[PDB]
Amino acid sequence: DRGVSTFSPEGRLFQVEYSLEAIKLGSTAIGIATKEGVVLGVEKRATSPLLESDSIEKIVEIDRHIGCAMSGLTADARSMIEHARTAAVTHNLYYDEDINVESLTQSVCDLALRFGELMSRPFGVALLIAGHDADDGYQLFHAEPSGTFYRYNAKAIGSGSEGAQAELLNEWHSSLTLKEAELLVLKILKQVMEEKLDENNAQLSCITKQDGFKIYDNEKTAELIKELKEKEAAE
Amino acid sequence: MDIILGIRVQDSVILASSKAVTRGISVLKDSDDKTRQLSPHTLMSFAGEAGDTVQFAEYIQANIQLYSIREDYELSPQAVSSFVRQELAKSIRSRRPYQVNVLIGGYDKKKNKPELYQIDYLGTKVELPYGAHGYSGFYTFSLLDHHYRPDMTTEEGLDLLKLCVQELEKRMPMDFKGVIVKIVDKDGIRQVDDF
Amino acid sequence: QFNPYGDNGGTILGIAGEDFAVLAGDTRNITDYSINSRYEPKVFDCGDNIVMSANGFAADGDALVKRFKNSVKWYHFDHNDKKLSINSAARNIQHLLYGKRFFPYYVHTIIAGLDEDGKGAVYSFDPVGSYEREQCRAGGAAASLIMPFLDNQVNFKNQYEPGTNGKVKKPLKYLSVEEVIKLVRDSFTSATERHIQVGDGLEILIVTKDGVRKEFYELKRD
Amino acid sequence: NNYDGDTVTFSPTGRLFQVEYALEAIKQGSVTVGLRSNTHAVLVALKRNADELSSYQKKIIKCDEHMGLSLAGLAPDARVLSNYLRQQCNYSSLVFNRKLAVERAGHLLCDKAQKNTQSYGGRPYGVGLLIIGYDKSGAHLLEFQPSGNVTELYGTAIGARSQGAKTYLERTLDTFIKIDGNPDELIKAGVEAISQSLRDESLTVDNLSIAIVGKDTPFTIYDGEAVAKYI
Amino acid sequence: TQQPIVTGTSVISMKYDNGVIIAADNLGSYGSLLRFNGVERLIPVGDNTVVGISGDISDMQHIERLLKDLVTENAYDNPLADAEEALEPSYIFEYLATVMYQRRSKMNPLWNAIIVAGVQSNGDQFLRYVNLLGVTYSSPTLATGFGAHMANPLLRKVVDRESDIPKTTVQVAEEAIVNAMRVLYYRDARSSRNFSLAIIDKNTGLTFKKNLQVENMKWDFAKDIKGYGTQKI
Amino acid sequence: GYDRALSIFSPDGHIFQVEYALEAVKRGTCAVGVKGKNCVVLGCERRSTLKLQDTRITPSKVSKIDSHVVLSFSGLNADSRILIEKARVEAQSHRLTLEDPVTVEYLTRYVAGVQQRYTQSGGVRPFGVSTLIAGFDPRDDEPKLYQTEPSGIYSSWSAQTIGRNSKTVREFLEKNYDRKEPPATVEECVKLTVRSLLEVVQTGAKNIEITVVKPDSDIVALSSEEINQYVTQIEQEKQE
Amino acid sequence: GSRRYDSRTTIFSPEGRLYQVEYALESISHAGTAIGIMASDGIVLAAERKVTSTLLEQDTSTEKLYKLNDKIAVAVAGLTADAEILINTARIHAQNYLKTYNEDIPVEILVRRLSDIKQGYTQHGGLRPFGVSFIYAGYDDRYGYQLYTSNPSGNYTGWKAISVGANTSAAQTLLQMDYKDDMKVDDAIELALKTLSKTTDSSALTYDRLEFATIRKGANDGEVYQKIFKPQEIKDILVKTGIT
Amino acid sequence: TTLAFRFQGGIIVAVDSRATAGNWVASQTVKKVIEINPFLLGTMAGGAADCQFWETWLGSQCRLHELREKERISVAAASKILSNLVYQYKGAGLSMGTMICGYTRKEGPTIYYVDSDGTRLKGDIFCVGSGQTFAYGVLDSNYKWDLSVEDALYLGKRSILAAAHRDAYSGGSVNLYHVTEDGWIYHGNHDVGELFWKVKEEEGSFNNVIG
Ligand SMILES: *C(=O)[C@H]1NC[C@@](C)(O)[C@](O)([C@H](CC2CCCCC2)NC(=O)[C@H](Cc2ccc(OC)cc2)NC(=O)[C@H](COCc2ccccc2)NC(=O)CN2CCN(C(=O)OC(C)(C)C)CC2)O[C@@H]1C
Ligand SMILES: [Mg+2]
C-alpha cells in the first residue's frame, strides 16, 4: 500500500484516475445546451423490477436557475448537492441576486481535491451542472473529481459516454430548438442503454430562463418517446 | 406564566396551570397550555422566564420519548423527576441557567400510586401531597393544609382545586385568565374541557 | 477607562435624480472643539459606479470603506469580473455591519449610484446594518438640520397646489443635476451657519452612466 | 522506484521522485509563453479543449492590477497558488499601502510550494506558473516550478513542446527586449514564440490567450474576438 | 485597557515648499513629576521619514522596536532595499495606522498619538496623524496634545490652505515651529525647554537637530505684577 | 486521532472495503419486507444452531425508530445498534425542531447519509449492514419500504430482501408479487412474506419473525402461535 | 511516514470478517472455561482458573468473577487486564445511572453500553479490540434473573445456560442435554460443576482451581444477595455434589 | 405598530412604515413585511437591523427546506427556526417582535408570534410594537370571525391608523396584506397624510382633532 495523495510516474494522482474508472461503471447521463434552454437526461438503471424507479433521484435541483445530473457512486453526490444548494442560497443572502452558473460550479469543484491524510478519498461521481444566468446565458458544465470543470455545448458521462459523445459531436449545431435537444437526448440514451428506453427507466429535465429547472414527469416524457419513434420510423 | 398547582389524591394527580401569557401591559394570549406530556402516564407543568419555560419542557419531553423508544418501556415518575432535577441542578451552575420551576404529576403503574413532584430552577425536588410555584403557594398551601384529606376521590380533588382558583381570583393582583386542568391516573392523561 | 469610540463630526447627503445620483460630504474632521483637518475626504469612488461615505467615528468609517472596496475586488475575482449592482452592494454592506452587531461600526453609511435600470439610487444604513433605498438622505452631525429641508425641497412634502384649498399635492417630479447641486450647496451653507462641526469645504461626487465626476466648493472656515 | 511512495523520502542518488512526477504534470500541460521588454510584460498561452464541443481551459489568472500569471499542469493547484498570491498582494496593499514586488511574490510562492515537499501526507503542487508584473522597478517575468525553484527571466515557455518557443526567444532575445512603449509589437513577438511549439494545428480565435501589464497598462486578459488582430 | 504612566507631551509638524518639519520636547513626565529629561520622541526611519510620538513612553519604546524590526524585514531578499524598494513614509504610516486600529479593536490600545513626517520617492511631502483610537487625518499642519490647541493656530497663520505650501520656505516654516515650541513651554505644565527638531527635504534629505533650547523668553513684565487685585506693594 | 483512509479506490475503480462490507451483509441472517395495499410486513430469518437462547431478553431483529417507523437489517449486529441509536436520536430531534415525526424517506435518507459518511472518512470502516426501513408518513395511509446499503445508496421497493440467500427469495418475490395488485389485506401480505422466507429458512419453528406496521403508529410483533398457523397453512396448500 | 507499520485493526477480510475480532475469539478459546446457568430462583456463575501453582494465594485472588453492582456480576474469559478496564467502566456507568434516575441500572442497559464500547474498537480508532468475553449474571425488577454474553465483536445475546473460553462446543452440548426450565438454583450449581468436571483439560477438578458465585433471593423477602464463594465454601459444595 | 388576525376569509396583515432613532424620525417609508414565499409572510418590530437580517435569513432557511424536502415549510416549522435562533442569542440584547403568517394545506391559515425573549405562541389575533395597545383597542372592539374580506382589510388598516395617530413612535403609511389558500395578496400603500382626513370625513370619527 501507499499514500492517498501519491502522484503516478506519468504525473497523475492515482486516487483521482481510479475514481474516473468508478464513473465509467456509472449509469449514463447526457446534457445539451441551446439558446432556448439546457436539457439534462439520465438512465435510471433499476437493479431489479421490484425497485420503484421514481425513487431513483439522479437529476437534482440546486436553485431555480441551476439543475444537476450525476453518474457514478451516486451516494457521494449527496454532500456535493448539499454544498451547492447552501452556496447558491448563501450567495443570494449576501448579494440579493442569483449566483452565476460558473461560480456555483467552481465552488463545487473546490471540494473535489480536498481529500487525504478533510475526507479520506476523492468523490466517485461526475456531475453535469446546467443553468442560466444573465451574463453568459445557458450553460452546461462537466464537474469531475479532479477538481476540473469544462463547459460543453453537449456532454455524455457514464458507461455509454464514448459512444454517446461521438453521436453528440455530429448531431449538435448552434440553432438546436429545445424540442430537437429533448428528442436528441432520448435518441442517444436508447442507443447506449442496455435495456429498452421507456418513461420509467429514463428521466428528462430542462432549465429555461422563464420557468427555471423543471424535472419532466413520466406522462410528458412518454409523449416525447412516442414522438421520437415517429420521426425515426419515417426516414 | 405565574400560576401552576398540583394535588395528589387517592388514585390520581391533578395539575392546574394559568392560561395567561403577558408581555408589558398586554395579555398576548388567554388560552396557553403550560404543560408537556413526557410519557403516557407522566405530565410536567412549568412556569418561569419567557422562552426558557417551553425550550426546557420540550428538551425534557424529547429525552423521555427517546428513552421510551430505545427501551420500549415507560420510566417511573420517580425516575423522570430525578432526571429533570439533575438537568436543573446542572443548569443552575451553567453560563445561563434555565429559570424554570416545574411540577411533575405521574401515575406509577408498578406501585399503582399517583405521585406529585415539586422542583424549582435550582433543582430542589420534594414529593408532595399538594404543591405550587410562585405567589400561588402563599394562598394555596394553608388552604390545602385545612381542606386536603389523603383518601379523597378525583371529583373531591377537582372541588378542592375550585376552592384554590376561587381564592387566587379573589386575592391575586394579576388576571391569569383561569386554569387548564389535567388528570393523571392509571388510564393516562386527560384534560377537563371547562373550568 | 478606555473608550474605543470617538466623534469626528462632519455631515453627508445623498440625492437620486432620474439618470444620476449625488453623494455630498463636508471635508472637515473634528474631535471635541479642535479642527483635525479642513480637507479630509470621506466620500469615495468604490468602483463599479458606486460611491460610499461612512460618517461618524472616522476610524470605523475608513475600516468599513476599505472592507467594502476589498469586497468589490473579490466579487470581480470570484464571479468572472461581473459588475456589482447597487442593490447587491447594499446587501453586502448589511452583512459587513451586522458582523460587528455586538461591537458596532459607529457610522451612518450612505451609498449612491445607478440601479440595473440606469435610474439614480441612494441606499442608507444604521450602524448595525439596517438599510433602505430612498430618493435622498442626510447623515452625521447636521442630519437633523438638513433632512427636513430635503423632505420639503426634494420630495415636496407639506407643499400643496396654490388655490386647490390643500386638496391637490405639489406633484413629485425628478430634479435636474443643476437643481440637485443648488439644493446640496444651500443645504451645506445652512448647515455650516448653525452647526459648529460642519464647515471648511464641500466635496460632491456625481454618478452617471459615463462614470464618477467630482465638484468642490469652499465653505465658511469658522 | 522504491523511494517514490511519498515526498518525505530521498532516493539513494539524492532525488525526490514525487517532486519529479509533479514536474511531469507540467510537461503534459498545454504550452504557455512569457516575455518582457523594459516597459511591458506579455503572457501568451495555448488553451486546450476537451473535444470540439468544450470550452478552452483558462490558462491566465489576474492576481492584482499590476501582477498576473499563466499556468501549465493541474488547474486547481494554480487556483490555490494564485488565490494565495491574491491574498499576499491584498495584505501588502491594506497594511503597507504598498503594491507587492514581483520578486517578493516569487519568494512567497517558493516557500509555500516547499512546505509540501518536506512534510508527510502532503503532496507537491502539480502545476508550473509564469508570473508577469510591473512594480516599482519596471517589468518582470518569473518562472515558478512546484520543486519551489522560482527564476527571473527576460522570456521563457513551459508545457508541451515548450522547448521550441524557449530556443526561439533565446535567439530573438536582443530584438524583443527593446520593444519599449509598443504593446502590439511585444504581443506579436510572443505569438511568434508560441508558434514554434505548435504541431498539426495553428492559433485560432478561441484557441489563443494573451495578457499584458506595463507602465500605464493594468494587467488585462485578451480572449476571443479581441485576439483576432494577432493571429 | 491601560492607563498611561510615563508620558511625552506635544509633537508639532508642518509642510513647506520642498519638505516637512517635525519637533517634540525631550521630557518623560510621571504625572506632575518631570521624571526623565533626555527622552528622544522623534524616531527616524531610513533617510526620508521621521515618526514623532506622544503619550505612553513604554508603548513608544514598543513602536521603536516595531520600526527597527520593519527596516530589517524590508531588507530581506530585497536587492533594491536602499533604492526603488526602500520604505516610504506612506508604507510606514499605513503599517502603524493598521496596528493602532487593531489594538483599539482588541480593547488594548497603544496609548499614543503619532505623526509620520517624510518625503515620498516622487518628491511629494507626506504628513499624517494616527492615535490610540486608529483615527487618521492629514493637513498642512498637524499637532498632538496641547500642540493641537496652541501650535496649530500659529502654524496655520503661515500655511492656512494647500496653495500656501509652495510659498513657504524652510526658514519661515522652521521659525514658526521654534516659536510654537516656546509658546508650549510658557503654557504647557507637562512640557520642557529642551527639544529635538527634524527637517525632511526633497533636496537636502534628513536633517536631525538634537539638544535645541527655547530662547528669547519674555519674563520682564512679571516684576510689575503685585498681588491678585487691590495689593499695591 | 487515527487518520488512515481505509475506504479507497482500486485501479478497477472499486472501493474494496465497501464491497467487503456487502460480503458481511451476504453472511447475515435473511430479512424481507413486503408492502400491501394498506400495510407493510417485515420478516426476518433466525439462524437455528442455537437452543438455550433466552428470546425474552435477546435483541429482536426489528427495531422501532419512532412509533410509526421500524428498521430491520442483515449484517453485523453490533454495527446495526449504532445506526439504530443515531436514527432514534434524529427521529426525536426532527419532532423537536419541525414539530412533526420524520417521513420514512427522510429517516432512510439520514441513515443512508451516515453509512455514506463512513465510506469517505479517515480512521473508520464502512457499516457491515444493509437496512429495510418501513412505516407510514404522518397523516398518510400510503405504505413505505426503503433499502439502504453500506455504500449509502438508498431506494424504494414494492418488496425486497437482504442477507444470505436473498437472491433465492428475491427470485420468489419477483414472480409472486404483482405491482398492479399488492396483497390487499394484512392477512394476504403476512402470508406472501412467510412463503418467501420458507424458500430459504427450514422449519418455520423458532426460525421466522414477523412484524406488521399499519398507519398511525400501529406496529404489532407476531408470536410463535400466530406465525406457526401461517406455516402449517402454507405447507398443506403445497401438496399439489 | 508511519502508514508502513499500521496493522489496520478495523478492516474487513475479502469474506467480510473482522480479522482482529476473529483472532481475539481464537485467543479467548484458550482461556479458562466460564459457565453461567440461570434457574427460576437465581443464577450460577462457575469459572475454571488458568492452571494454579501450589504457591498462589487462593482466597485473596479474583481472576474470573467480578462484582459490577449489588444486583449484577460478570464471569471473565480472556486477558484479565483488558477485562479490568471494561469492568471499572461498567461500574461507573451503573453509578451514573443510579445518580441520574435514583434506580439501579437494568441489566441489559449496562450490557448494551459495554457491548457498544467493544463495537467502537472494531470500527474506528485503529486500536486492537479487547481480548475478553463476559458472562453477565444480574437481576432487575423488569425481567428478573438474566444471563447475557458479550464478545470482542461487541455482539451480545441472552441465555438460560452458556459457556465461554475453552471447550465451549463440548460444554454447550452437555448443558443443552441436562438443562431444564423448572430447574432450581441448587440443581444449576450441580450442573455447572459436573459440566466443568467433564470439559476440563485437568486430571481432576479441585476447590483451589475454581471461582464460584450465586445471585439468589435467599435473604429477607424480595431482595437480592450476591455470594462470591470462599475456598472452603466451594470445597464443601464439591463434596456435597460428590465430585471429590 | 404591526398586526395580524385570523377570520373567515383567511389572515389580514397590516403594518405601519416608520423607523425611529429615539425621538428622531429616521424614515416614513420603510417595509416591515418580508415575503418569505408566496404563502408565507413575516412582520418586523424592534431593532431594525436585527429584524431585517434574521427575517431575510429565515427566508434562506425556508428555501433550503423546500430544496431538501421538495415541499414548502410549515408555518410552525418556519416560526420555530426563528424562535430557536433568537433563543440561542438570549441575553445578548437582540430586539425582535415578529409574526410568521401563512397558509399550508396541513395547517390551514396560521399566525405565530415570535419574540427575542424566545416566546413562541400560536393564536388568532396579535398586535406587536410600541403602538400595539392602540391597535388592540380598535381591533378587539370591532373584530368578529365573520368580517367580510373587505371589512377585515379596512379594520386592519383602521387599527394601524389608530396607532399611527396616538403612538408617537408609529406612523407614515399603512401596508396591507391578505393571506388565503392561494397565498398572500398585497392591498397597497396608504399614506396617513391622506388616509387620516379621508377616514375622519367618511367615518365621522377622530372628533378629538381640530377638523
Ligand atoms: C410599531 O409598533 C412600530 N413602532 C415603531 C418602531 C420604530 O419602534 C419599529 O419597531 C421600527 C421597525 C423597524 C423599521 C425598519 C424595518 C424593520 C422594523 N423599529 C425601529 O425603527 C428601530 C427602533 C429601535 C428598536 C429597538 C431598539 O433597541 C436598541 C432600538 C431602536 N430603529 C432602529 O433600530 C434604528 C434605525 O436606524 C436609526 C438610525 C438611523 C441613522 C443613524 C442612527 C440610527 N437604529 C438603531 O437603533 C441603531 N442602534 C445601533 C446601536 N444598537 C445597539 O444595540 O448597540 C449596542 C452598542 C447596544 C450594541 C441598537 C440599534 O416599528 C414598530 C413595528
Ligand atoms: Mg462652522
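Numbers restart at 1 for each chain; the letters A, B, ... are given by sequence-line order, proteins then strands.
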What are the two closest non-hydrogen atoms of [X] and [Y], and how far apart are they?
| X | Y | value |
| --- | --- | --- |
| B:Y67 | G:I109 | OH-CD1, 3.5 Å |
| G:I43 | G:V185 | N-CG2, 3.9 Å |
| F:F73 | F:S80 | CZ-OG, 3.4 Å |
| F:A87 | F:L107 | O-CD2, 3.8 Å |
| F:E209 | F:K61 | OE1-N, 3.5 Å |
| G:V132 | G:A83 | CG2-N, 3.4 Å |

Assess whether atom [atom1] of [X] is packed by more than 12 heavy atoms of other residues, nucleotides or ligands within 6.0 Å.
| X | atom1 | answer |
| --- | --- | --- |
| B:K110 | NZ | yes |
| B:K113 | NZ | no |
| B:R93 | CZ | no |
| G:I85 | CD1 | no |

For the side chain of [X] and the backbone of [Y], is there at least one donor-acceptor N/O pair under 3.5 Å apart?
| X | Y | answer |
| --- | --- | --- |
| B:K109 | B:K186 | yes |
| G:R112 | G:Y156 | no |
| B:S68 | B:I64 | yes |
| G:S40 | G:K184 | no |
| G:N167 | G:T199 | yes |
| F:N77 | G:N155 | no |
| F:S93 | F:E90 | no |
| B:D108 | B:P77 | no |
| B:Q61 | B:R36 | no |
| F:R47 | F:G28 | no |

Measuring from [X]:[atom1] to [Y]:[atom2], what's the distance to the nearest 0.5 Å?
| X | Y | atom1 | atom2 | answer |
| --- | --- | --- | --- | --- |
| F:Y118 | G:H124 | OH | NE2 | 6.0 Å |
| G:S202 | G:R209 | OG | CZ | 3.5 Å |
| G:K194 | G:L196 | NZ | CG | 12.5 Å |
| F:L83 | F:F127 | CG | CZ | 4.5 Å |
| G:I37 | G:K160 | CD1 | NZ | 13.5 Å |
| G:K50 | G:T80 | NZ | OG1 | 10.5 Å |

Validation row: [X], [Y] side chains within 4.5 angstrom (heavy atoms):
| X | Y | result |
| --- | --- | --- |
| G:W159 | G:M38 | no |
| G:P152 | G:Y121 | no |
| G:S133 | G:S150 | no |
| F:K51 | F:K206 | yes |
| G:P231 | G:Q58 | yes |
| G:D104 | G:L98 | yes |
| F:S72 | F:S63 | no |
| G:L147 | F:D54 | no |

Identified side-chain contact (heavy atoms from CB on, under 4.5 Å) counterpart of G:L114 within the set G:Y136, G:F130, G:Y148: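 Exactly one option meets the side-chain contact (heavy atoms from CB on, under 4.5 Å) with G:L114, and it is G:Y136.
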Only one of G:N69, G:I117, G:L110, G:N88 forms a side-chain contact (heavy atoms from CB on, under 4.5 Å) with G:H93, so which one is it?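 Exactly one option meets the side-chain contact (heavy atoms from CB on, under 4.5 Å) with G:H93, and it is G:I117.
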Between the side chains of [Y] and [X], is the shortest nitrogen-to-carboxylate-oxygen separation below 4.0 Å, so that they form an ion pair?
| X | Y | answer |
| --- | --- | --- |
| G:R216 | G:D186 | yes |
| G:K180 | G:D187 | no |
| G:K227 | G:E233 | yes |
| G:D141 | G:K71 | no |

Let's go through G:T33 and G:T200 carefully: what are the C-alpha distance in whole Å and the side-chain angles of both, what is the deciding distance for side-chain contact (heavy atoms from CB on, under 4.5 Å) to 0.1 Å, and is it a yes or a no? CA-CA 8 Å; G:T33 311; G:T200 178; over 6 Å; no
Can you name the residues that form a side chain to side chain donor-acceptor pair (under 3.5 Å) with G:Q20, not counting sequence neighbours?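 For G:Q20, no residue satisfies side chain to side chain donor-acceptor pair (under 3.5 Å) once neighbours in sequence are set aside.
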Using the side chain to side chain donor-acceptor pair (under 3.5 Å) criterion, which residues pair with G:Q123? Sequence neighbours excluded.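 Residues passing side chain to side chain donor-acceptor pair (under 3.5 Å) with G:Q123: G:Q119.
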Can you name the residues that form a side chain to side chain contact (heavy atoms under 4.5 Å, CB included) with F:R4, not counting sequence neighbours?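 Expected list: A:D1, A:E117, F:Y2, F:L6, G:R3, G:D6, G:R8.
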Check: [X]/[Y] side-chain N/O donor and acceptor closer than 3.5 Å:
| X | Y | answer |
| --- | --- | --- |
| B:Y59 | B:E87 | yes |
| F:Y110 | F:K86 | no |
| G:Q146 | G:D140 | yes |
| B:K125 | B:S82 | yes |
| G:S163 | G:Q172 | yes |
| F:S48 | F:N207 | yes |
| F:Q92 | B:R70 | no |

Relative to the ring of G:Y101, is the ring of B:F83 parallel (under 30°), tilted (30 to 60°) or perpendicular (over 60°)?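 It falls in the parallel class, under 30°.
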Using the rule given for side-chain contact (heavy atoms from CB on, under 4.5 Å), can you reason through G:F134 versus G:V76, listing the C-alpha separation, both sets of side-chain angles and the distance that settles it, and then say yes or no? CA-CA 5 Å; G:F134 292 118; G:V76 170; 3.6 Å; yes
Report the C-alpha separation of G:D116 and F:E85 in whole Å, then their side-chain angles, then the decisive distance to 0.1 Å, and conclude whether the side-chain contact (heavy atoms from CB on, under 4.5 Å) test is met. CA-CA 11 Å; G:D116 279 358; F:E85 179 58 29; over 6 Å; no
Report the C-alpha separation of G:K118 and G:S153 in whole Å, then their side-chain angles, then the decisive distance to 0.1 Å, and conclude whether the side-chain hydrogen bond (donor to acceptor under 3.5 Å, both in side chains) test is met. CA-CA 7 Å; G:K118 289 178 172 182; G:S153 78; over 6 Å; no
Quick one: do F:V89 and B:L66 satisfy side-chain contact (heavy atoms from CB on, under 4.5 Å)? Show the steps, please. CA-CA 7 Å; F:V89 164; B:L66 178 60; 4.0 Å; yes
